[PDB]
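Undergrad: Just dropping in an experimental structure and the matching sequence.
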Amino acid sequence: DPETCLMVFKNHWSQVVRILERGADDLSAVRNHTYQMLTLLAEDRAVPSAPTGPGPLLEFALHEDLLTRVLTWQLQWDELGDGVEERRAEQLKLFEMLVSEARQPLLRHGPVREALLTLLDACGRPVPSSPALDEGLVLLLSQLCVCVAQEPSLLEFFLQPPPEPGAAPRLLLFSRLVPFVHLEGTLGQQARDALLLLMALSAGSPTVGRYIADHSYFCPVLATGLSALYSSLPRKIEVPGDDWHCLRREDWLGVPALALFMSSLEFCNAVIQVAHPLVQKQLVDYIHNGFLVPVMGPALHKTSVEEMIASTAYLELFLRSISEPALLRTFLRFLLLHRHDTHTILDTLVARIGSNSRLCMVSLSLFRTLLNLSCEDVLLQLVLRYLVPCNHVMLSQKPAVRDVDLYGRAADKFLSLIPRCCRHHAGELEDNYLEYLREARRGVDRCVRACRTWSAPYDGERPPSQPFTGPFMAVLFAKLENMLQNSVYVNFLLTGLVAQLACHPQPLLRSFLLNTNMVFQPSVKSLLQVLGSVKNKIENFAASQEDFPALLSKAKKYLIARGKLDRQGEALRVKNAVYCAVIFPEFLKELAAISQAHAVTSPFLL
Amino acid sequence: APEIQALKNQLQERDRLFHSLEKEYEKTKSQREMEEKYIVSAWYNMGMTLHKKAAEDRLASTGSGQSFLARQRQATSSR
Amino acid sequence: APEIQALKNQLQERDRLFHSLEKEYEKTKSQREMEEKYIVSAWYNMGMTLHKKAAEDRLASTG
Amino acid sequence: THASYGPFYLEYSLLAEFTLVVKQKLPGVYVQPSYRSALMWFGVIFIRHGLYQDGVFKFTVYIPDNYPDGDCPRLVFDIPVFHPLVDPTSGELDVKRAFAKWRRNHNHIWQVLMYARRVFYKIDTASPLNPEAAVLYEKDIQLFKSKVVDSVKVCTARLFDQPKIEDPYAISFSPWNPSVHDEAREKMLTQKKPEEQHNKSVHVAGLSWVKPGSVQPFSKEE
């Protein structure tokens, strides 16, 4: 019964106050008396007449501030040094038992909050530290985070005022979780969840958010963590396959150094998703100015080829893993506006498309991810900035930008360029034009729904001396003109980019690529002129090579079977160009079907 | 009375135009109501025939593999 | 003058229900004009969906 | 090479033509292409005022097999309307007088539908197809209006039947039963624009940070 607990509680507490008013024996006596009193306090019940009020044991304890005075009586014994990390763990276990086990919400009271705040200062002594003490500290902080997450009004009550005018306040619930974010295992994960809960509570409070964004060093800790973890990554990608173009799930989990970076970036992504806007802007600016500019700025410009491949693959993985638009704005502004050796970073990445190796494949995958983000600014800076002034068209054909290929002139013009060697003489590649029409329908519909938030339609009205279509168009067409010399996996991503770019519903971009009846100024190279040059070169290889119809049959039957299993210079040139004769007519089917589906899209989308 | 007959004449012409706009508004509302009833009935029969054809459409909608190039690009990541 | 007052009362009531009829005509016209866009779009969206479905079915059948 | 993809070209041309029919606004004209044939467009006009008021005329648009390099599309009615330009035994409207030559990229099928609506709002008697309708037009107008009212009742009485051309996409009315048709009407009216559409799954999210009217990136104010 609850009254007998009161008598035996004043029995132990009377022994304890006597011990304070009069060393190892007294310390052991107050430790087991403390254990008994706090286990009895964990099993207090409220009075049934007033269950919303505190119980009688809390009424006796909080009246004279029992917990804080016995805690500071042990902390003045802490200066001896005998059993410091055992006694600290003992009080950690005791106050964790009050936070978890007690059926009343104890934290609404002042004195127990002050006792917990003094205990958090007692555990704030500097390193070295036994791992049991860190485990108990993280567990106590996590349980306190859970309790304050259930009662959100006490985050300002834990924000205790500065001890000096102009000094920083001491939120001991948050600042003690700051060194434990980078730790691995269960302990660092518990610290990350507890800090995420605190940041969710600080989303609804302007005083705590201004404290974290202005009087706490959490954002430099995160920025220096990302900067230090971008030194432990390998500068060499050791993957044996030649079809590898980007870091897969099996790849970045296979490198333990990269997994720590990926977990840290996921934590930063969640913090940017959740926390307060002042805190969000502080972490945005600190992540930018302390990770991207000082580290990733020089790291992309590493001259050696394999370091370039590694940096481009890491950049593509990071752009593929941000979900929040605020951190994505940071990454994309860093890519689009930061200038090194008087050149844009995006210009440097454009210049790496025209390369002869795995660097080209990772660059095409990076630009595939960039165009798959469906952002305005990348597509604008790549092509549309050069297509807004509309100088590539002569003076009398400027209305032809807005025309729509209703009757299939463009599909006929593209399908007329299919080579005579590849045409079926009087094997699933003979009549699959319906399947290209389906994926052109989902291709245009995806690029229409993802452009609904865009500022301008780019229809030619809203908004060198000879016209120039931009360094992205010149490099992409010149690499497309070399389609015989390129690899089969390079051509797969290169035709993947042009098909994905032609699905954009912008009439300035669509008329430049798919409107075949457009004639341009002589300095401008169209997509039709480039594909015509490939058509001439693939037929010249046809007449000069003897074994070609037998080589077409075996190279085709491999390419279906890859979808089902889901002296060197002459041998390489033969192998690439025979592969090019399987891609090019069905690249021609893909560009035809996209130009068909642009005349079909509903008014009830845009 | 010569003033009275002219004033009641323009009063009766006012009533004449009132009756003309009355019957015109009645005809307009009746046609719009019947037209909307016809449209909703046609769409409802249309949709019920679509759910009757859904017994075939639940088998016809099955299909995968996409285009050859998209399947090949997605199969490039399989080592 | 009493007859003139009577027919002017009847006349003012005639233009009063003229304004009432014109207000009801304009409100019904604007309601039907707003309603026409929604009924036409709800017809033609499903109509274009059925046209695309029959379109791909025919284009699949001819090969 | 060209002959292998001709059905694709013609058939997607007719698909784009129905899309551009949806583009242009038509008062009371509700057009639908057929299921079984690609060259048949069913439909129905509602004549909102004029002499043919409260008239409901079903039709069927016949598209030539070589569109657009061919003739004007042929338009017939389900029931022959007593009109000077409607065939009294077949129901074919004389569409070819206005569209004498089908010029490529100029004429479209929505212009045929617009002329079909406009022929009931401007009666022309020059060189007809039903001569008694013409000579009732410029001589004895009240008998013409009586015969218009009678033909409107004849057309209205045959609306609810099994239609002339059997098709899974044939326009078939039902008698007004409010218990399910009110659910159908609210299923009309609860639909809205694709802004905030019911597809809230699958994060198809675009990004933009340019101030409108400007061409420089990252000019949108924070």
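TA: Okay, I see it. Residues are numbered from 1 along each chain as shown, chains lettered A, B, ... in the order given.

Undergrad: only C-alpha atoms for contact and neighbour calcs from this point on.
TA: Fine.

Undergrad: Tell me the residues of chain B that contact chain C?
TA: Contact residues, chain B versus chain C (Cα under 8 Å from any Cα of the partner chain): B:4, B:7-8, B:11, B:14-15, B:18, B:22, B:25, B:32, B:43.

Undergrad: List only buried entries from those.
TA: Neighbour counting with 16 or more other Cα atoms under 10 Å in any protein chain shown marks B:7-8, B:11, B:14-15, B:18, B:22, B:25, B:32, B:43 as buried within those.

Undergrad: Tell me which of the residues of chain B next to chain C fall in helices.
TA: Among the residues of chain B next to chain C, the residues falling in helices (DSSP state H) are B:4, B:7-8, B:11, B:14-15, B:18, B:22, B:25, B:32, B:43.

Undergrad: State the distance from the closest residue in space to residue A:92 that isn't next to it in sequence to chain C.
TA: Nearest non-adjacent residue to residue A:92, counting by Cα to Cα, 6 or more residues apart in numbering or on different chains: residue A:136, 6.2 Å away. Separation of residue A:136 from chain C (Cα to the nearest Cα, to the nearest Å): 62 Å.

Undergrad: And the closest residue to chain D within chain B, how far from residue D:30?
TA: Chain B approaches chain D most closely through residue B:42 (4.7 Å), counting by Cα to the nearest Cα. To residue D:30, residue B:42 is 11 Å away according to Cα to Cα, to the nearest Å.

Undergrad: and what of residue A:86?
TA: 85 Å.

Undergrad: And for residue D:49?
TA: Using Cα to Cα, residue D:49 is found at 17 Å from residue D:30.

Undergrad: got it, and residue A:490?
TA: Noted for residue A:490: a distance of 50 Å to residue D:30, by Cα to Cα.

Undergrad: How about residue A:17?
TA: Separation of residue A:17 from residue D:30 (Cα to Cα): 93 Å.

Undergrad: Who are the contact partners of residue D:112?
TA: Counting by Cα atoms under 8 Å, 6 or more residues apart in numbering or on different chains, residue D:112 makes contact with D:73, D:95.

Undergrad: So it, which state does it fall into?
TA: helix (DSSP: H, G, I helix; E, B strand; the rest coil).

Undergrad: next one: residue D:198
TA: Going by three-state DSSP: residue D:198 is coil.

Undergrad: cool, residue A:595 as well?
TA: The local conformation at residue A:595, judged by three-state DSSP, is helix.

Undergrad: give me phi/psi at the most centrally placed residue in chain D?
TA: Central residue of chain D (Cα atoms, centre = their mean): residue D:31, 3.4 Å from the mean position. Note on residue D:31: backbone dihedrals following degrees, to the nearest 10 are phi -110, psi 140.

Undergrad: For the nearest residue to it once chain neighbours are set aside, the count of nearby residues, please.
TA: Leaving aside its sequence neighbours, residue D:31 sits nearest to residue D:43 (Cα to Cα, 6+ apart; 4.3 Å). Residue D:43 has 21 neighbouring residues, counting by other Cα atoms under 10 Å in any protein chain shown.

Undergrad: what residues does chain B put near chain A?
TA: Counting by Cα under 8 Å from any Cα, chain B sits next to chain A at B:66-67, B:69, B:71-73, B:75-79.

Undergrad: possible to save those as TSV with secondary structure?
TA: Output for the residues of chain B next to chain A, formatted as TSV (three-state DSSP):
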residue	secondary structure
B:66	coil
B:67	coil
B:69	helix
B:71	helix
B:72	helix
B:73	helix
B:75	helix
B:76	coil
B:77	coil
B:78	coil
B:79	coil
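
Undergrad: Mind listing what's buried along whichever strand or helix holds residue A:581?
TA: Using DSSP states H and E, residue A:581 maps to helix A:568-597. For helix A:568-597, the buried set under the neighbour-count rule, 16+ other Cα under 10 Å, comprises A:574-597.

Undergrad: Between the ones in helices among the residues of chain B next to chain C, which sits nearest residue A:396?
TA: Checking those against residue A:396 by Cα to Cα gives residue B:43 as the nearest, at 46.8 Å.

Undergrad: just to revisit the earlier point, was I right to think the residue nearest to residue A:92 contacts residue A:91?
TA: No - in this structure residue A:136 lies outside contact range of residue A:91 using Cα atoms under 8 Å: 9.7 Å.
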